[PDB]
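Engineer: Dropping a structure here in structure tokens format, bear with me for questions.
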There are 2 protein chains.
Amino acid sequence: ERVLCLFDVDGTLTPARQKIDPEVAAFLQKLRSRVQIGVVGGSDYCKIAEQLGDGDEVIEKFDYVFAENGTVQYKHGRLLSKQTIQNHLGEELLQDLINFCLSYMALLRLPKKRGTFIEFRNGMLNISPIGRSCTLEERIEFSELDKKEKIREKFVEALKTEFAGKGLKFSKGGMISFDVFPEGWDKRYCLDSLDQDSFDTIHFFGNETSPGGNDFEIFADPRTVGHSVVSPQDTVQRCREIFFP
Amino acid sequence: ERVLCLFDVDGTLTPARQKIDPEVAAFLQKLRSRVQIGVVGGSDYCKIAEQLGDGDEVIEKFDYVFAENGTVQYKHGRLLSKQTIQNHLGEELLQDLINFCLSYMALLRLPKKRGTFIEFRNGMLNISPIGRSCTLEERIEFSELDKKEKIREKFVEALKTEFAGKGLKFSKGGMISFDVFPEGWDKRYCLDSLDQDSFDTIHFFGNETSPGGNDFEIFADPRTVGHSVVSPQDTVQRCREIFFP
Ligand SMILES: [Mg+2]
Ligand SMILES: [Mg+2]
Ligand SMILES: [Mg+2]
Ligand SMILES: [Mg+2]
């Protein structure tokens, strides 16, 4: 009777990294007459906020806004505090990680390099072996280089081996970067808080629910009814079938 | 007859890193009835904009806004393009620099580390051996550590030696960070563009005009009438004496 629908963002509600279609948006508000609705994305809040309305409207349009996998949470218009990756990991392991990344990147000799190789967020370190500080022509340029030299991939292989058994996970962040987060700080993190809000059912929709994907763990988790979608139209489709039959 | 007064920001017009006193601000507008006025700061535009009014008002209140030593320039309400440190330095030297900084920082084992060790701006690399991504308690904490271990200072000594004769300059950025810029991209950079605006006199005011300080080179440059000030009140004082005697 208390139902929440929880959506991944990229590919599930919106074209990847882009604004939502006003028609999907319009539907989500309709869905809201029956159930509460929320989103969970890997990206920071501002990025998510941008894709889903104007300014900070997203927190008004959605009952739940879980950014950075849920390490950052908005609930019914208001911010709830965030745990810090350093509080969770502690300083020593976090610095072993950081120094390893610095020492590995120092040895990479590329065509170009830019800035902000290691960005410290709430629920992850975002690592970019070229530089988060590049333009569009440069994003595409490194994107090509990464494919050819497997830069991120080899870096991740080396990181996983070095920190084997120490509770870190790595997943790519699309172009030029990868994330490093504590084990358990994938999308499932948001479920722990949601456990306290007395939902009878939590429907999750995601487009990467296959093994490997960033939606897998939350989709497979026994706390959710899992749904696999291919597009924003597939998502609306499914919600119609279940909630408006 | 065409006169410009050009002010450094921190310590010259405003308490360091802080909002301008409405009384100084009020005076600067009065000064503007006689002469054009401008500012030049080491910081980025947003930082400068914040200290000097609300939002982007600074470009309306000042005839010239030279941020990042002049590599970024506003002139009479509008932005003029910026040269890029990489266009000036080229990719190879810039990456030698970057990799050297990465390799040096990887070997620093500190109490803590955070993120954004190398921030790529327009007219410099800002290097922070702890992490630009820290809070106030942490800024103060590293600030203490830096004093005791001479972290930035030893890093700079090593950088200057390594890149001896290669045209790079280093100056500290107050707490936790230092800047790396091409030789000539201190405050004097803004004078090259100002040369094209047909001023009969350019008065410069700065509080670090002693050798070593970030105001020295522009103060000593034969293109300006140089003035040494100790406070925002000293600045207003001097402008009264010269322009309102
Ligand atoms: Mg997705
Ligand atoms: Mg499930
Ligand atoms: Mg000053
Ligand atoms: Mg002079």
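Labels used: A, B, ... for chains in the order of the structure tokens, numbers from 1 for residues in each chain, and numbers from 1 for ligands as shown.
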Taking 5 positions as the minimum chain separation for residues in the same chain, which residues sit within 10 Å of stretch 216-220 of chain B when counting only C-alpha atoms? Answer as a PyMOL selection string.
Structural biologist: chain B and resi 8+184+186-191+203-211+225-228
Engineer: Name the residues, by chain letter and number, that sit within 10 Å of ligand 3 using only C-alpha atoms and all ligand atoms, and give them as a count of residues only.
Structural biologist: 26
Engineer: From the list A:129, A:22, A:173, A:111, which residue is nearest ligand 1 when using only C-alpha atoms and all ligand atoms?
Structural biologist: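 Going through A:129, A:22, A:173, A:111 one by one, the smallest distance to ligand 1 is for A:173.
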Engineer: I want to know what sits within 7 Å of stretch 84-99 of chain A, based on only C-alpha atoms, with residues of the same chain fewer than 2 positions away left out; could you give that as a PyMOL selection string?
Structural biologist: (chain A and resi 82+101-103+122-124) or (chain B and resi 106+112-113)
Engineer: For chain A, which of B:120, B:62, B:45, B:27 is the closest residue, counting only C-alpha atoms?
Structural biologist: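 Once distances to chain A are computed over only C-alpha atoms, the minimum belongs to B:120.
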Engineer: Compile the contact shell of residue B:160 as a list in words: residues with an atom at most 9 Å away, counting only C-alpha atoms, same-chain residues fewer than 6 positions apart removed.
Structural biologist: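 Counting only C-alpha atoms, the residues come to residues 168, 169 and 170 of chain B.
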Engineer: Please extract the residues of stretch 119-221 of chain B with a backbone DSSP assignment of helix (DSSP H, G or I) and present them as an NGL selection string.
Structural biologist: :B and (136-149 or 151-162 or 189-197 or 216-220)
Engineer: Could you turn the residues from that selection into a file that holds C-alpha atoms, as a PDB file, in the first residue's frame?
Structural biologist:
ATOM      1  CA  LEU B 136      38.008  24.632   7.322  1.00  0.00           C
ATOM      2  CA  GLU B 137      39.220  22.464  10.203  1.00  0.00           C
ATOM      3  CA  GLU B 138      41.303  20.576   7.635  1.00  0.00           C
ATOM      4  CA  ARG B 139      42.652  23.710   5.971  1.00  0.00           C
ATOM      5  CA  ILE B 140      43.943  24.845   9.344  1.00  0.00           C
ATOM      6  CA  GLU B 141      45.252  21.385  10.117  1.00  0.00           C
ATOM      7  CA  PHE B 142      47.331  21.161   6.927  1.00  0.00           C
ATOM      8  CA  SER B 143      48.338  24.780   7.244  1.00  0.00           C
ATOM      9  CA  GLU B 144      49.976  23.854  10.556  1.00  0.00           C
ATOM     10  CA  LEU B 145      51.559  20.763   9.028  1.00  0.00           C
ATOM     11  CA  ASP B 146      52.922  22.711   6.056  1.00  0.00           C
ATOM     12  CA  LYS B 147      54.653  25.201   8.390  1.00  0.00           C
ATOM     13  CA  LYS B 148      56.278  22.443  10.376  1.00  0.00           C
ATOM     14  CA  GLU B 149      57.353  20.215   7.505  1.00  0.00           C
ATOM     15  CA  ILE B 151      55.914  20.828   2.454  1.00  0.00           C
ATOM     16  CA  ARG B 152      55.129  23.422  -0.242  1.00  0.00           C
ATOM     17  CA  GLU B 153      58.511  25.108   0.160  1.00  0.00           C
ATOM     18  CA  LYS B 154      60.567  21.921  -0.314  1.00  0.00           C
ATOM     19  CA  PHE B 155      58.359  20.936  -3.256  1.00  0.00           C
ATOM     20  CA  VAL B 156      58.977  24.346  -4.857  1.00  0.00           C
ATOM     21  CA  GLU B 157      62.759  24.121  -4.278  1.00  0.00           C
ATOM     22  CA  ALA B 158      62.741  20.762  -6.054  1.00  0.00           C
ATOM     23  CA  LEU B 159      60.565  22.045  -8.892  1.00  0.00           C
ATOM     24  CA  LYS B 160      62.686  25.169  -9.504  1.00  0.00           C
ATOM     25  CA  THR B 161      65.849  23.099  -9.682  1.00  0.00           C
ATOM     26  CA  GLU B 162      64.352  20.461 -12.009  1.00  0.00           C
ATOM     27  CA  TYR B 189      50.618  40.181 -17.895  1.00  0.00           C
ATOM     28  CA  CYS B 190      47.646  42.531 -17.681  1.00  0.00           C
ATOM     29  CA  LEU B 191      49.833  45.476 -18.808  1.00  0.00           C
ATOM     30  CA  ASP B 192      50.274  44.077 -22.314  1.00  0.00           C
ATOM     31  CA  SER B 193      46.584  44.407 -23.093  1.00  0.00           C
ATOM     32  CA  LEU B 194      46.343  47.736 -21.236  1.00  0.00           C
ATOM     33  CA  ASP B 195      49.069  49.038 -23.568  1.00  0.00           C
ATOM     34  CA  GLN B 196      46.454  48.959 -26.351  1.00  0.00           C
ATOM     35  CA  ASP B 197      43.932  51.176 -24.524  1.00  0.00           C
ATOM     36  CA  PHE B 216      56.433  43.633  -7.158  1.00  0.00           C
ATOM     37  CA  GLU B 217      56.811  43.197 -10.885  1.00  0.00           C
ATOM     38  CA  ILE B 218      53.781  45.213 -11.933  1.00  0.00           C
ATOM     39  CA  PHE B 219      54.663  47.896  -9.388  1.00  0.00           C
ATOM     40  CA  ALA B 220      58.248  48.181 -10.631  1.00  0.00           C
TER      41      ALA B 220
END
Engineer: If DSSP is run on the backbone, what residues of stretch 50-242 of chain A are strand (DSSP E)? A reply as a ChimeraX atom specification would be ideal.
Structural biologist: /A:64-67,72-75,78-80,118-120,125-127,168-172,178-182,201-206,225-228
Engineer: Point out the residue among B:79, B:67, B:49, B:105 with the least atom-to-atom distance to chain A, counting only C-alpha atoms.
Structural biologist: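 Looking only at the distances to chain A, the closest residue turns out to be B:105.
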